Amino acid sequence: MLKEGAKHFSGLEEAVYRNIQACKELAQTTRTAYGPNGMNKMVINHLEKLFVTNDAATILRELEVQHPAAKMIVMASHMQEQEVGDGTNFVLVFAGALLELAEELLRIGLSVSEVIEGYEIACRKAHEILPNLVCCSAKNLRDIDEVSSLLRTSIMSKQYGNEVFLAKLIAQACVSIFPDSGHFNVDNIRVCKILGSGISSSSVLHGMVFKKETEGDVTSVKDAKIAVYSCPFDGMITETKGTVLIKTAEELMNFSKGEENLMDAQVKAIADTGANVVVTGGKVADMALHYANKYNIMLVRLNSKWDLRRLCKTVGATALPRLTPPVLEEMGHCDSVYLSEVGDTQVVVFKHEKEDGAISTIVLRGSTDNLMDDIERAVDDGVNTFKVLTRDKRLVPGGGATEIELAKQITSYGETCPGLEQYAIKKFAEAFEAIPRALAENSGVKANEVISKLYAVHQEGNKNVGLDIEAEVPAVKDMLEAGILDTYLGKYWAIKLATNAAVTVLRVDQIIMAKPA
Amino acid sequence: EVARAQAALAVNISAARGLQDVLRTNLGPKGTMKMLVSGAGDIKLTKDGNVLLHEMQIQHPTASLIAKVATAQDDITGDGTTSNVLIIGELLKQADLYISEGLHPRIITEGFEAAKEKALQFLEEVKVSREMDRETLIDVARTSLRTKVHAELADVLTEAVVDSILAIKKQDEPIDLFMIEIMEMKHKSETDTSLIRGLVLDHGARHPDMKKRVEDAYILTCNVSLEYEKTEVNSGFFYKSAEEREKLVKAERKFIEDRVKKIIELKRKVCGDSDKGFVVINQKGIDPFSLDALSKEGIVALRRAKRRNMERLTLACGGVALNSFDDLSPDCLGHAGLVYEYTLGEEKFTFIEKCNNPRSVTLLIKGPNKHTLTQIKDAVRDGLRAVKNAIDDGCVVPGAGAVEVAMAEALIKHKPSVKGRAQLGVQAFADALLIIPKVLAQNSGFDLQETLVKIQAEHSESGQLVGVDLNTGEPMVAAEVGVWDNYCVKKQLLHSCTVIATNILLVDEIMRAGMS
Amino acid sequence: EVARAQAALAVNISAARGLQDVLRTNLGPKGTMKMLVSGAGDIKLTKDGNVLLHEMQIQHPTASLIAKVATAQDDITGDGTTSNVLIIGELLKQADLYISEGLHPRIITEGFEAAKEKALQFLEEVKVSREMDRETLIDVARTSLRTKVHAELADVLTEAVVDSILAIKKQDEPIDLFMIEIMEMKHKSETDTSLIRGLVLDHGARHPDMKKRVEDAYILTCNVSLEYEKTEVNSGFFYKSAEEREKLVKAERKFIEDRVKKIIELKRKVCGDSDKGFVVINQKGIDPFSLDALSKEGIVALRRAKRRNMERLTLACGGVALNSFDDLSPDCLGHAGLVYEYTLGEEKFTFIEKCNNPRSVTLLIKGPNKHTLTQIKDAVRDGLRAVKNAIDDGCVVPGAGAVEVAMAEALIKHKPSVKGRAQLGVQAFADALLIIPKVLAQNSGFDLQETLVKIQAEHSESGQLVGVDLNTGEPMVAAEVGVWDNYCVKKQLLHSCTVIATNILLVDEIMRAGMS
Ligand SMILES: Nc1ncnc2c1ncn2[C@@H]1O[C@H](COP(=O)(O)OP(=O)(O)O)[C@@H](O)[C@H]1O
Ligand SMILES: Nc1ncnc2c1ncn2[C@@H]1O[C@H](COP(=O)(O)OP(=O)(O)O)[C@@H](O)[C@H]1O
Ligand SMILES: Nc1ncnc2c1ncn2[C@@H]1O[C@H](COP(=O)(O)OP(=O)(O)O)[C@@H](O)[C@H]1O
C-alpha cells in the first residue's frame, strides 16, 4: 500500500495471529516423536534412496522454511546442538507452549512489556530453584556398570529393542582411552562400516581401522614411511590409435619398454629416498603389481576421499599428483603398521600411542547400509552424553518428574507478590505441563487422567509414567531405583535457550517490510 | 494537461498522514524493533530513524522526497531525524483544516513564523548552565544506551565510553572522532567489552613460543622485499631460458642474505642484550630458516601487515617509512613500552601499550556471531556522538516532555501581539507540539487525555518542568531524576520542521511533463 | 442481524451534517426564498422554518425523526424552530471528533450539561427590565416583519397591529388571540390594509338602494323558516296525491303571512319612526314581494347568513337565538350604533360598528389575486405572536448576535471549576455557539473571520453588547439602534438543543427487525 508491494501480509494486526500460527504449524510436525516410540518418517531429497529416520535433527536439516519466525528457532536449535549433546525438541515445545499461552494474554488486553518482565522473573526463579532436586551422583568413572547404566538409559531413548550390547561396547571403547578427568577429546573415535554379518558379531579394536586390501608383502618394519598421493597410477603416458585394426609392434614395444623404465625409475627414486610403502589412489596394472611384488612394496587397492582426508588431517602430509618424481616431504609420526585378518578381509592397524591422545575405532557390521545410520547416531549421541567435563554429573530424575515439581513451585511462588505480574507467572508455570502430555499421547492412552494421577499422589518428584501397559493408567512408578536420570546442565541450557528465543520472538513483532534494490 | 483544482494539496496531506502513521511506533525506550530482509535472505534488525529511512522501498514519490529531505539534514547534529514527522504531519493537518474552513496560506505561514520566533525566544530565555563533570556524562550515556539498546548491557558500555572520553580529551581544542578505532571479533558469549590503551595488530608470527615479555622495544616500519615468494620471477614477462632466471633467483637470495646480515648487525649494534628488544613490521612473507636465526639473537619480525596498521603505528609513534635496511639514524625507530600476545581463535593478536603520547584507544567488542554486533556498534557510535555533543556546550536543558508544555503555555496565554489572523496560526502551531507526550503515553501503555490533563494541572499549580513517567503514569519532575537533553538539537529540529512546513502549502498545480 | 461496530454514529453524524447543510441559507432578513410545487402544479412561496419542515419529502428516517422532534417543540413559544439545527450539527460534529480522538460520551454529556447550566445562569444574571410602551412594541413588530416580509410594506402592517393590540388589551389578565378575525378579499392593488372596529357581514340584501344611514339599530338572531323554497314539500317523502301537498303549501304560505304580519306589528310597536332601525339576520331566503312590504315601513332583513357570523354577533352583542317570531321581551335584541354598506365586486359587504363593548377588531387585507396573500397572513400572524410574547413579560434582552459572544467568553475564561474532562466538553459547547454570527456575516455578503475577530477585539476593548451590522460589516452596538428579542425563547431553544444532543450519542447499535 505504501511500504510493501503486495508480497507479505504484515501490518498492525498480524502480530497476534500469524507470528504464532507459523510457530504452531512448525511445532505440530514434531510432537509425534519425543519418546521411545516407532514413528519413523521417510526423507526424500537428493540421494534418491528412500530412508526412514526417527530423530528430529535430520528432519529439520532437510526441511526448507521461508519464514523468519520459523528461522528464529533453528538458530537456537543449532546452538544447543553445538553446546551440549542432546536437546532439541524441548526448546521447540517450550517456545510453542509459551506462544500459545501468551496468545490468550495478548487477546485479553495486556502489553508485551509486562509479559516479558513476568517471563523473565519466572525464568530467574526457575534458574534459582533448579539446583535443589539433586538425588544421585557419579562416584567413580573407572568402573564399568556405573557408566553402562547411564549409556543404556541414553540409548533407550532411540533404540528400544537392542540397547545393552551397544552400551557395553561404547563403555569399553571410552574406558580404554581417557576418562572425563583431565582431558578427553571427541574427534578421536572413528566408526567403520563392514558389509558382512549382522550386529550380533561386533567387536572393539584400538588404533586405526581401514578396509584396504594388500597385494604386496607384509611390511612390519618401523622405517616404512607413509607417502599419500592423489592419483599416482593415473596415466603419465597418453597413447592414441593410428589405424583401425592394429599398428606396428615395434612402436608399441618401444612405448611399453619406455613406460616400464620410467615407472621403475620412479619407484626406485621413491623407495631410495626413505619411503618403503606408498599410498596409491588410482587403478592397477599387471606390471605395476609385478614390480610391487618384486620390490617388497605394499600396494593398496581401495580408494576413498574420506580416507585420504582423515590421513591428511591426522598425520599432516600433502598429496603431490605430479608426473616427475618429487622429493620426500611427507614425513609423519607413524611407524608401526601391522596387518590383520578380520572377516576374511585385510585391515591395517596403526600403533603410535604414548599414553597421551589415544584413538579407538569400533568395528560395526550390519545387513544393509540403511541400518547402520541409526546405530552410528546412537553411538555418537552416547559419546556426546558421556562428556560432561565434571566429576560429579549431579543427575536429576528426568522424564517429567521434575517438570511438575518446578511448575508447582512456580505456582506457589507466584501467589505472593501482588500486581499485574501474576498472569505471566501462572502461564509460565502451566507451560511446564507439555512434556508428560506429549509422552502420554504418544503411547495409547489419554493424558488428563495421567496428569491427575501424577498430581494426586504426592509431591515427592520421583514419580513418572512408565512405558508398559501396566504403567499407563496408574502411572505410579519409582524411577530412582530403575535407573532413569537426565543431565542437569542440559535442561538448564535448554530452558535458557527457550526463554531467550521466546523473548526474541515477543520483542521483534510489528511490521515486516522489505529492502530496496 | 489542464488542471485547476485543489487535489494536489489533498494528496499531499494524504501522503503526509500516511508517512506519519507508518513511522510513529518507534518513539521512547519502550518501542518495538523492526526487521528488514529481501536480498539473499539477510536478516537485519534496526530501530533507528535514519537507518530505516535510508534503506526502504517507498512507493510514493512525495514521501520519498520528504524522507530524502529529512535525511539530508541529519549530518548537522547527532541524531535528530526522529520525532520530526509527527509535528510536521500535525501542522499540515491543521493547515489543511484551516484551508477547508476558509483562509489563505500566507497568513498561516506568517503565524507559523511568528510562533517559531516566539518558541526560539522562549528556549533562549529558559536555558540554564551546569558544570560538566562525570555524573552528567554518565547519565547522558546511560540515557542514550537505554534509548538505543535494551536495559541490560547498558551499564558496562557507558563506563568504558566515559573512560575513553576522559583519556582522549585533555586539551582545550574540540576533540575529533578519528583517533578511536572500533574493532569486532567472534566469541561465544554476548556481554564482552574491552578498553585497550594501545594499538591492535591482527597478524603475528608463524613460529610462536619464544618470548613475550619485551619491555622497551624498538619498532621500525619499512616496505622492502624480504621474502615475497620462492617462485622464480623476472620482470613480469615469461622467457625461455632458465639460466637467466636461475641467476636472478640466486642474486635475489644473495640480496636477502645481505639484508638479513645487515639487520642482524644493526640489532647487535643498537642493543647487545636481552632487555632491549626489536620488532619489525613487514607486509611480505618471512622464511622460517631466517626467522629462527633472527629470533636466536632476540628480534621479532612480523609478516602480512595491513596498511591501516602501519599507518596508525607511524601516526601514533612517529617513524619514517623507508625502502632500505641500511644503518641509519635511530631517530625513526618508535618506542614501545609493553607488548602482549593474545592467543584466541585461529590467529594470535598483538597488543602494544605504554607508548609515548597515548592518543589511541580501542573499544573491542564481542558478539554471539550474528548481526547484533553491528547494532551494538551503531548504538555505541550514537552514544559517543551524544557525549561529544554534550561536551561542546555548557548549557543542558531538561527533557522527558517538559519543554513543549511550557512552550505551548507561553504561546497560548502570553500572546506577543493581539491579532486574530496571527492567532489562527499561533493556535495551530501550539496544538501540534503536544503530540510527543501523547504518543509517549500511548506507547507506555496508559491513557492519552488523563495523563495530559494531569500534567497540565501539575504545571499550572506548581510551575516547574514536569516530565512524563514511563512506569506509573504519574506526573514527576525530570530535573531531579537524571533525564537530560541537548541544546542545538531542538533548534535544528524546529528550523527543519519550519522549513518543511513552509515550502509545502505554496504548491499550486502538479502537471505531467518532463523527459530527463 | 449481528453488528458490533461504530457505523451507526458515523451515519448519524453524516445525516446531521446533511440536514444542517440543506437548511442554512434561511437566516437573517437577507435570506433567499424557496418554492414548493408537486400537487397539480401549485406554486407556493414560503420562508418559514416550521412551514417548510412540515411540508417536505425526506428520504432519511433519522432526518425525518429530527424534523418531527423539532416541529413538535414549536407550540410552546412563538417561532423558535429556526436557528437550531446549526448548533446541534456543530455539537454533534465536535462530539464525533472527540470520539474519534478517544473519549467517552458520558464525560461529553456531563460537560454539555455543565455548560448549559452555566449559560442559563449567565442569561439569568445578564437579563434587564424595560418599561413597555409604544416605541418598543413598534420596533419589535417592525423587526418581526423585516425577518419575514420585505422592507417595503413593513409600516402600515405594524401600525395596524399596534393599534389592534392597544384597542384589545385594556385589562390585567393575559389577552387571547381568539377575538381577532383575519379576513381576505380580491383586489387589483397590492398594499391594501384596513382596521375595522366592528363586525363584517359578507352577504346583504337582494333589493338594494333603500337606506344606509341607520344609527340606532336593533338586531335579532333567529332560525325560523321564513322562505326556504317555493317548491312543494311534505316530510321528506314523495307521495301521489296533489291535494295534500297543495294544502300543505297553502298552510305554509299562511304561516309565512302570519309571521311577517307579527314581525311588522312588532317593529311598529317597538319603534314607529325612521331613526330606530330593525335589522334581521336569517339563513333562509327572502321573497321580494314581502321584502318590499317590509322595507316600506323601515325594517331590513338579510338572507343567506353563515354560522360564524351569527356566532360572532351573539357573542359580541349578547342575544338569545330562538325559533319563534312572537312578541317577547326586547332584552335579547342587540344594539348597533353605525351600519355601512360597502359595494365592491359581485357582493356587497356590511360593516357594523359603534356597538357595546368593542372587543372585535378585523384586519382586512387585499392582494393581487395570487398566493402571496397567505404569506402576508402568516407574516402578520407571526408578528402578532411576537407582540403577544413581548407583552407577557417585562424583561427584553438585546440580540443581533450579542448574547452568544458574551456566553462563549464567560464559558471559556471564567471557568466554573478546574477539570480537564469537564473542559473538554465546555470548549466544544462554547465553540458551537459562534455559528450564528459567522453564518450571518456570510449571508450578508462579507467575510467570516475578519468580522469575527473585529467583534471579539471590540468586546475585549469596550465590554458592551456588540451586535452585527448587515450594511457595512462594522461592529456596532445593538442596544441603541432598535434590535430586540425575547426571553423564554432563548431558554426553550437551549433546552431543546441540549435534549436533542443528549439523546443521540447514547445510540449503540441499530438492528433490522420489527413488523409493525
Ligand atoms: N526409557 C525411557 N524412560 C523414561 N523416559 C525416557 C526414556 N527414553 C527417553 N525418555 C525421555 O524422553 C525425553 C526425550 O529424550 P531424547 O529424544 O533423548 O532428547 P530430545 O527429545 O531432546 O532429542 C527425555 O527427556 C527423556 O526423559
Ligand atoms: N530516561 C528517559 N525517561 C523518559 N523519557 C525519555 C528518556 N530518555 C529519552 N526519553 C524520551 O525519548 C524521546 C526521544 O527518543 P528518540 O526519538 O529515541 O531519540 P533519542 O534516542 O535521541 O532519545 C524524547 O522526547 C524523550 O522525552
Ligand atoms: N433588525 C435586525 N438586524 C440585525 N439582525 C437581525 C435583525 N432582526 C433579526 N436579526 C437576526 O435574525 C436572527 C433570527 O432570524 P430568524 O431565524 O428569521 O428568526 P426570527 O424571524 O424570529 O428573527 C437573530 O439571530 C438576529 O440576530
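Quick note: numbers on chain A are straight from Swiss-Prot, i.e. 14-530, in order.
Determined by electron microscopy, 3.1 Å, according to the entry header.
Cβ coordinates come from backbone N, Cα and C, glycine included.
Marked as phosphotyrosine by Swiss-Prot: A:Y30 (among others). Under the three-state DSSP scheme, A:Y30 (phosphotyrosine) falls in the coil class. The Cβ of A:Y30 (phosphotyrosine) has 13 neighbouring Cβ atoms from other residues within 10 Å, across all protein chains displayed.
Summarising the annotation, Swiss-Prot assigns Mg(2+) binding site to A:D99 and lists experimental evidence as the type of evidence. Around A:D99 (Mg(2+) binding site), the C-beta neighbours below 8 angstroms that are at least 6 residues distant in the chain are A:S167, A:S170, A:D394, A:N397, A:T398, A:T500, A:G503. DSSP assigns A:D99 (Mg(2+) binding site) to coil in the three-state reduction, outside any helix or strand.
The feature ATP binding site is assigned by Swiss-Prot to A:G100, A:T101, A:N102, A:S170, A:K171, A:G412, A:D499, A:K504. Long-range Cβ contacts of A:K171 (ATP binding site) within its own chain (separation 6+, distance under 8 Å): A:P49, A:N67, A:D68, A:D387, A:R390, A:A391, A:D394.
Neighbour density for A:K224 (SUMO2 cross-link): within 10 A of its CB lie 17 other CB atoms from the protein chains shown. Under the DSSP three-state reduction, A:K224 (SUMO2 cross-link) is assigned to strand. What Swiss-Prot lists as SUMO2 cross-link is A:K224 (among others).
The annotation SUMO2 cross-link is assigned in Swiss-Prot to A:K254 (among others). Classification of A:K254 (SUMO2 cross-link) by DSSP places it in coil, neither helical nor stranded. For A:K254 (SUMO2 cross-link), the count of additional Cβ atoms within 10 Å of its Cβ stands at 8 [all protein chains shown].
If you look up Swiss-Prot, you'll see A:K260 (among others) marked as SUMO2 cross-link. All protein chains included, A:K260 (SUMO2 cross-link) registers 12 other Cβ atoms within 10 Å of its own Cβ.
Summarising the annotation, Swiss-Prot assigns SUMO1 cross-link to A:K459 and lists a large-scale study or a structure entry as the type of evidence. A:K459 (SUMO1 cross-link) falls outside any helix or strand according to DSSP and counts as coil. The Cβ of A:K459 (SUMO1 cross-link) has A:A453 as same-chain neighbours under 8 Å, each 6 or more residues away in sequence.
The Cβ neighbour count for A:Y505 (phosphotyrosine), using a 10 Å radius over every protein chain in view, is 15. The DSSP secondary structure for A:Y505 (phosphotyrosine) is helix. The annotation phosphotyrosine is assigned in Swiss-Prot to A:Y505 (among others) on the grounds of a large-scale study or a structure entry.
Checked against ligand 1, the binding-site residues A:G100, A:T101, A:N102, A:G412, A:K504 give A:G100, A:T101, A:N102, A:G412 in sequence order as having a Cβ less than 6 Å away from one of its atoms. Checking each of the recorded positions A:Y30, A:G100, A:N102, A:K224, A:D499 against A:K260 (SUMO2 cross-link) by C-alpha distance, the shortest gap belongs to A:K224.
For A:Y30 (phosphotyrosine), the nearest neighbour among the binding-site residues A:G100, A:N102, A:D499, A:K504, judged by Cα separation, is A:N102.
DSSP assigns A:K260 (SUMO2 cross-link) to coil in the three-state reduction, placing it in neither a helix nor a strand. Between the alpha carbons (Cα) of A:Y505 (phosphotyrosine) and A:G100 (ATP binding site) lies a span of roughly 10 Å. The separation of A:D499 (ATP binding site) from A:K254 (SUMO2 cross-link), Cα to Cα, is 71 Å. According to its DSSP assignment, A:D499 (ATP binding site) is in a strand.
With respect to A:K224 (SUMO2 cross-link), the closest of these binding-site residues in Cα terms is A:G100, chosen from A:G100, A:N102, A:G412, A:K504. In three-state terms derived from DSSP, A:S170 (ATP binding site) belongs to neither a helical nor a strand segment and is classed as coil.
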